[PDB]
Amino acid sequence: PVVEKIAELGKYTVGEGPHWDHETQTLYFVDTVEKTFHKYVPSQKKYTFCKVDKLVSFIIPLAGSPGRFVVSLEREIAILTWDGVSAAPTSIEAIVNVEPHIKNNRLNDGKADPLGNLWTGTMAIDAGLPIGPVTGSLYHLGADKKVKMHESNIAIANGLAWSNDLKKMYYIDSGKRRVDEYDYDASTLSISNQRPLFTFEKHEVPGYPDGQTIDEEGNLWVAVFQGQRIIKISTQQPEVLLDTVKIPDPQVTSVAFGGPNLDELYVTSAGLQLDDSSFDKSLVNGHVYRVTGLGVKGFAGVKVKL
């Protein structure tokens, strides 16, 4: 595989939430801590950003509605209307606050399932690794624009993916240092039968799982925060490590397939220095990377349907 640093993009405090819109060949992503959204159009070398005054953790185009995006603003799920280039949104319309009385929580990773439903989970704003408060839950946003809860006691609500046959959902609580698998019922949007798919400790994989995505062959690509890598793992059988790709930045946070043929992997990372880092500060930068030559394709990002 070839790993390239995307020079055009600079350094992010906590780059996260990459989303590839295939119809416009555009990558969107966030910096959680700096309260900014980012847009990159690789074919034209265009980069823009947009500032808000709440912590943000994902940005997904709204189905059927050009120029509108579903985003997180601390604990609110909101529709942002944005021209893709001005430094502030045109307007913000809140949809729902998922946890109105839990003042010290925030939303973290979120993604649409293959049907267009937004799934996303919460966590303490001061969550910590490897130990910290455990106050998060996992939700989806339903038809009556109210949330349904699917899991609780989550420390660090992170990456989501769904199997290509819509039978399984994969989920990461970074605090557990493992990837879980659930049976997923597409009819009722219910998950059940939680079991560990991949346990870091059994494979001497350092760091913590963070974001993840799935490829056309059904394998998972998982970002390893404080592991300086992405790993490829099987979904056909538990506890199988298929490949490792080293990424120069130690704090890799998430991954999305993109490019015209959906065979380039975009990788975000975090430059924020944490206490108890296993890496010296000079190494922790927060660049965005592109990985090519993996031999597989993924899928385009799914828009949220409301």
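In this text, the rigid core denotes the largest set of C-alpha atoms whose superposition between the two forms falls within 1.5 Å. Throughout, we count residues from 1 along the sequence that is shown.
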item	value
More variable segment, 167 to 175 or 141 to 149 [Cα RMS over structures in 8 other deposited structures of this protein, core-superposed]	141 to 149
Comparing 109 to 117 with 179 to 187, the one whose average Cα B-factor in the PDB entry is higher	179 to 187
Between 195 to 203 and 84 to 92 (mean CA B-factor, as deposited), the higher	195 to 203
Member of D144, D173, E74, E151 with the greatest C-alpha B factor (per the PDB record)	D144
Most elevated Cα B-factor in the entry, residues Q251, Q273, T36, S57	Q273
Assigned third (lowest, middle, highest) for the C-alpha B factor of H287	lowest
Third of the chain's Cα B-factor distribution that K297 belongs to, per the entry	highest
Third of the chain, ranked by Cα B-factor, where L241 sits	highest
Third of the chain, ranked by Cα B-factor, where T32 sits	middle
Chain-wide C-alpha B factor ranking for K45, given as lowest, middle or highest third	middle
